[PDB]
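Following: one structure in structure tokens, then a few remarks.
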Amino acid sequence: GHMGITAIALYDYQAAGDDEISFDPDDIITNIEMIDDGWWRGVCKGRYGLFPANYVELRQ
């Protein structure tokens, strides 16, 4: 519930900025906010930042 909008990573993403996050396939992204277009904001493994929307799959 307090995890908000959540998603499962499909592909490896390696952050390309300090404000970006990294994840591996099957990592979980939580507390997501579709702030801008194809760049969303959420938490993954203690890191809070931007990530590509087309790299993840929303849960439920």
Side-chain angles (χ1 to χ4, degrees):
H2 287 339
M3 62 189 116
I5 303 163
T6 66
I8 177 152
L10 308 180
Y11 323 97
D12 212 277
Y13 184 67
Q14 264 297 127
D18 278 352
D19 194 44
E20 285 172 16
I21 58 173
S22 286
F23 49 70
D24 308 291
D26 290 308
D27 283 351
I28 296 299
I29 306 80
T30 69
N31 295 111
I32 286 179
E33 301 160 69
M34 323 189 172
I35 36 151
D36 169 81
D37 160 88
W39 283 102
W40 295 353
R41 197 209 298 154
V43 179
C44 187
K45 290 181 305 188
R47 319 293 312 189
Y48 188 26
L50 305 166
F51 68 91
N54 72 325
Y55 269 65
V56 309
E57 181 188 71
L58 294 166
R59 278 198 301 199
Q60 278 169 222

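We number each residue from 1, following the sequence as shown. Below, all heavy atoms of this structure are taken into account, side chains as well, without hydrogens, waters or symmetry copies.
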Applying the 4.5 Å side-chain criterion to the ILVMFWY set and letting contacts propagate, would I8 and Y11 be lumped into a single cluster? no
Decide yes or no for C44 and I28: does some side-chain heavy atom of the first lie under 4.5 Å from some side-chain heavy atom of the second? no
What distance do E20 atom CD and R47 atom CZ have between them, rounded to the nearest 0.5 Å? 12.5 Å
Rounded to the nearest 0.5 Å, how far apart are CD1 of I21 and CD of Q14? 11.5 Å
For a 4.5 angstrom cut-off between non-hydrogen side-chain atoms, does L58 reach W40? yes
On the 0 to 90° scale, with breaks at 30° and 60°, tag the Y13-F23 ring pair as parallel, tilted or perpendicular. tilted
Going only through I, L, V, M, F, W and Y residues with side-chain contacts under 4.5 Å, is there a path from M34 to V43? no
What distance separates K45 NZ from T30 OG1, expressed to the nearest 0.5 Å? 12.5 Å
Heavy-atom nearest pair, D27 first then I29, reads O-CD1, 3.7 Å
Is the shortest heavy-atom distance from the side chain of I35 to the side chain of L50 under 4.5 Å? yes
Can you list the residues that meet the side-chain hydrogen bond (donor to acceptor under 3.5 Å, both in side chains) rule with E33, with sequence neighbours excluded? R41, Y48
Here the pair of heavy atoms bringing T6 nearest to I32 is C-CD1, 4.0 Å
With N31, which residues qualify under side-chain hydrogen bond (donor to acceptor under 3.5 Å, both in side chains), at least two apart? none
Assess whether atom CE of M3 is packed by more than 12 heavy atoms of other residues, nucleotides or ligands within 6.0 Å. no
